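> Begin with these chain(s), straight out of the complex:
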Amino acid sequence: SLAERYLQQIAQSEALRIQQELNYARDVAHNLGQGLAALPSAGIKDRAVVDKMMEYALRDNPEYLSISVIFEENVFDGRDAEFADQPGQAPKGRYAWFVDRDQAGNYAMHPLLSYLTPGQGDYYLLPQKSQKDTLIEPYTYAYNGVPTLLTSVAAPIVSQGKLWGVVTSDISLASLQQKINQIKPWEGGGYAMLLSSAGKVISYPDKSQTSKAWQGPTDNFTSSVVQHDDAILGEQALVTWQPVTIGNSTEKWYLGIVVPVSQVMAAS
């Protein structure tokens, strides 16, 4: 049907827009990583140089929560054992650090205490093993004493067959929701929703649903158009899903478009 193809095409356009936002974040992390891997080749072995490069990347991205960098064991300078148990360092002396902004807006380095533990540390552990770009399931981190729901857009660092580590761009769920809730897919109405790979809510007009498992209408996040009793719109709605993918990832997120049957069938 012509209406349903048009609806499918709207969903495609909107998934491409949000895909551009997430790829931008992947690119910041991926391109920062390629430059960091060039440093040992050029004879630069000073971890303060990595700190400054990470700082300038965060500086250029004022809405990001932080940038995180994890090199593989010893590959940067060979000195993980010297840092191993010193105060304020990361587990086993690894170059595993992130940069964020303080309450005054100046830039601070903090060690990645979580990077070896399953769950919290998946921003490192999952892409380290797959060597694939990865949109990480939503989780929580306290920045300046404020619990914050976020995702990480993680990019393995691969060059000349060698894994150098992982770089991530750390993105608040709120900032994503700010873009998704602007989407008005049909004559200034309807709404858009965004779901993770595991089907966790990234953005839904009922913010109380954030980070929770979706328990609703999808038939395996189909591209087909399906009619549902929608609680946000309070009427019969048409729903279609489109995938969102970054870099070389094989997994995906799902953008959903929801429009009222009344305004669609009636426009005909």
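Happy to help now that I have it. Residues are numbered from 1 along each chain as shown, chains lettered A, B, ... in the order given.

> drop to CA atoms for contacts and neighbour counts, all remaining ones
Fine.

> Residue A:23 against residue A:247, yeah?
Yes. The pair residue A:23 and residue A:247 qualifies as a contact (Cα atoms under 8 Å) at a distance of 6.6 Å.

> Neighbour count: those two, which is higher?
residue A:23 (19 against 16; other Cα atoms under 10 Å).

> neighbouring contacts of stretch A:36-44?
With Cα atoms under 8 Å, 6 or more residues apart in numbering as the test, stretch A:36-44 has contacts from A:45, A:50, A:76, A:77, A:157, A:159, A:164.

> From those residues, pick the one nearest residue A:258.
residue A:157 (37.7 Å; Cα to Cα).

> mind checking how far the closest one is from residue A:70?
9 Å (Cα to Cα, to the nearest Å).

> next one: residue A:53
According to Cα to Cα, residue A:53 stands 14 Å off from residue A:70.

> Tell me which of the two has more neighbours.
Neighbours of residue A:53 and residue A:70, each counted by other Cα under 10 Å, are more numerous for residue A:70; the result is 25 against 15.

> Show the contacting residues for that one.
A:94, A:95, A:96, A:97, A:124, A:165, A:166, A:167.

> Just put those in JSON lines and tack on distance to residue A:133.
JSON lines is the format used below for those (distance: Cα to Cα, whole Å):
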{"residue": "A:94", "distance to residue A:133": "21"}
{"residue": "A:95", "distance to residue A:133": "20"}
{"residue": "A:96", "distance to residue A:133": "18"}
{"residue": "A:97", "distance to residue A:133": "19"}
{"residue": "A:124", "distance to residue A:133": "11"}
{"residue": "A:165", "distance to residue A:133": "12"}
{"residue": "A:166", "distance to residue A:133": "9"}
{"residue": "A:167", "distance to residue A:133": "10"}
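
> Make TSV from those residues and add distance to residue A:193, neighbour count and secondary structure to it.
Output for the contacts of residue A:70, formatted as TSV (distance: Cα to Cα, whole Å; neighbours: other Cα atoms under 10 Å; DSSP: H, G, I helix; E, B strand; the rest coil):
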residue	distance to residue A:193	neighbour count	secondary structure
A:94	38	25	coil
A:95	37	27	coil
A:96	34	26	strand
A:97	33	22	strand
A:124	27	31	helix
A:165	33	25	strand
A:166	29	28	strand
A:167	27	34	strand
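
> Go through those and name the one nearest residue A:31.
Of all the contacts of residue A:70, the one sitting nearest residue A:31 is residue A:167; the distance, using Cα to Cα, is 9.2 Å.

> give me the beta-bridge partners of the closest one?
Counting by DSSP bridges, residue A:167 is bridged to residue A:69, residue A:155.

> which neighbours do residue A:157 and residue A:70 share?
What both residue A:157 and residue A:70 touch, as defined by Cα under 8 Å, 6+ apart, is the set A:165, A:166, A:167.

> ranges for the strands of the stretch 101-250 of chain A?
Secondary structure of the stretch 101-250 of chain A (DSSP state E, counting those that start in this stretch): strands located at A:107-111, A:134-135, A:139-143, A:146-159, A:162-172, A:191-195, A:201-203, A:226-230, A:235-244.

> tell me the angle the helix or strand encompassing residue A:37 makes with strand A:226-230.
In the assignment (DSSP states H and E), residue A:37 maps to helix A:2-41. Interaxial angle, helix A:2-41 versus strand A:226-230 (axes from the mean of the first three to the mean of the last three Cα atoms, to 10 degrees): 90 degrees.

> contacting residues around the next helix or strand after helix A:2-41?
Beyond helix A:2-41 on the C-terminal side, the first helix or strand identified by DSSP H and E is helix A:47-59. The contact list for helix A:47-59, computed with Cα under 8 Å, 6+ apart, reads A:28, A:32, A:36, A:64, A:66-69, A:95, A:98-100, A:107, A:109.

> Chain B follows; place it on the structure:
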Amino acid sequence: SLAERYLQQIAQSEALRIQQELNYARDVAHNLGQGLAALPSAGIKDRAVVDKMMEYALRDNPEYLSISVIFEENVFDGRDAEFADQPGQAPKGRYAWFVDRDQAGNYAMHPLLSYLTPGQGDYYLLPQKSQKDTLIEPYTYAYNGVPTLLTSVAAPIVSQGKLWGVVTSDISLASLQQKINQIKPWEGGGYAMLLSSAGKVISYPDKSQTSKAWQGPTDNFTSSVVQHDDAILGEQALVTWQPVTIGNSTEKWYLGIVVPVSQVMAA
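So, slotting chain B in with the rest:
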């Protein structure tokens, strides 16, 4: 009008896909540039470090022709005078270099001899003046002795108020054409076109129009659908235009979608 709106939506999706590809190149150049500007701040003043980061950016982008970096005068190391008027260097001893691949496939650094000359050097001169990301009008450079049509995706380096220079990702027009000509906007049929800001043909299914001016019926590059006799399709066709923009560029390219009227009149 529902058919019109769908056609417009198709153009918007195809435009977004091309725009993602051009923005990937903008990002390569922009993000390298931010890393390079960090280096003096960290005490690195060795031009060989810049060489290596450029090489690693090109290595990660085997399809690109080269990556070019032009620093502003003396901003990296203050030593331009020590490199000035030596053969093998760029004009005035500037850090102005590109990296490319040999016929053997290994990486070589070459000076940007043209960075101050109007026309050939616009990849530097135009973004240095506007300080905006810029899709450079298509031009020619002899890589390894072979004239090649390319565009440069140019990203001025700005950090904490200061212009540090310009980085560019240099892309062959052939690779862009190879992507535009796979676009089949309708049922597997029709085609897509790409005009530069100046109306030069970036991509048109007749490649002999490449880089030439477009003396065709564009309606102020309107989203509005317009009907025209089309030579490529050989029938009445519907045309619609959508902008394509990178970074903070104020200028844009235009993707045109062209589909036969007979197949749109179907539904």
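
> once more on the contacts of helix A:47-59, this time with chain B?
A:28, A:32, A:36, A:64, A:66-69, A:95, A:98-100, A:107, A:109, B:31, B:34-35, B:38-39, B:41-42 (Cα atoms under 8 Å, 6 or more residues apart in numbering or on different chains).

> So the helix holding residue A:37, near chain B or not?
Yes. Counting by Cα under 8 Å from any Cα of the partner chain, chain B has neighbours in helix A:2-41: A:2-3, A:5-6, A:9-10, A:12-13, A:16-17, A:20, A:24, A:27-28, A:31-32, A:34-35, A:38-39, A:41.

> Just the buried ones out of the residues you listed, please.
Neighbour counting over the residues of helix A:2-41 next to chain B (16 or more other Cα atoms under 10 Å in any protein chain shown) leaves A:3, A:6, A:9-10, A:12-13, A:16-17, A:20, A:24, A:27-28, A:31-32, A:34-35, A:38-39 as the buried ones.

> Near chain B, which residues of chain A are found?
Counting by Cα under 8 Å from any Cα, the residues of chain A near chain B are A:2-3, A:5-6, A:9-10, A:12-13, A:16-17, A:20, A:24, A:27-28, A:31-32, A:34-35, A:38-39, A:41-42, A:48-49, A:52-53, A:56-57, A:60, A:159, A:268.

> Return the nearest residue of the stretch 51-200 of chain A with respect to chain B.
residue A:53 (5.5 Å; Cα to the nearest Cα).

> what do you get for the stretch 1-150 of chain A?
Counting by Cα to the nearest Cα, the stretch 1-150 of chain A gets nearest chain B through residue A:13, at 4.7 Å.

> That residue - nearest residue in space that isn't next to it in sequence?
Of all residues not flanking residue A:13 in the chain, residue B:13 sits nearest, at 4.7 Å (Cα to Cα, 6 or more residues apart in numbering or on different chains).

> Residue A:94 contacts residue A:80, correct?
Yes. Look at residue A:94 against residue A:80 with Cα under 8 Å: they come within range, at 5.3 Å.

> Now for the two: what residues contact both?
Residues touching both residue A:94 and residue A:80 (Cα under 8 Å, 6+ apart) are A:73, A:74.

> end to end, how far does stretch A:207-222 reach?
Separation of the first and last residues of stretch A:207-222 by Cα to Cα is 24 Å.

> which residues are contacting it?
A:138-139, A:149, A:195, A:199-204, A:228, A:240-242, A:254.

> cool, and stretch A:4-16?
A:183, A:185, A:223-225, A:240-244, A:255-257, B:5-6, B:9-10, B:12-13, B:16-17.

> Can you verify my assumption that residue A:107 contacts residue A:100?
Yes. Taking contacts as Cα under 8 Å, residue A:107 lies within contact range of residue A:100: 5.7 Å.

> These two: which is more packed in?
Per other Cα atoms under 10 Å in any protein chain shown, whichever of residue A:107 and residue A:100 has more neighbours is residue A:100, with 22 against 17.

> for the more buried one, helix, strand, or coil?
Following DSSP: H, G, I helix; E, B strand; the rest coil, we place residue A:100 in the strand state.

> So what pairs up with it in the strands?
residue A:108.

> Spit out the contact partners of it.
Neighbouring residues of residue A:100 by Cα under 8 Å, 6+ apart: A:58, A:65, A:66, A:67, A:107, A:108, A:109.

> just residue A:19 next, same as before
A:244, A:245, A:246.

> With neighbour count as extra columns, can I get the residues you listed in CSV?
Shown next, in CSV, are these (neighbours: other Cα atoms under 10 Å in any protein chain shown):
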residue, neighbour count
A:244, 25
A:245, 22
A:246, 25
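
> Give me the most central residue, chain A.
Centroid-nearest residue in chain A, with Cα atoms, centre = their mean: residue A:153, separated by 3.6 Å.
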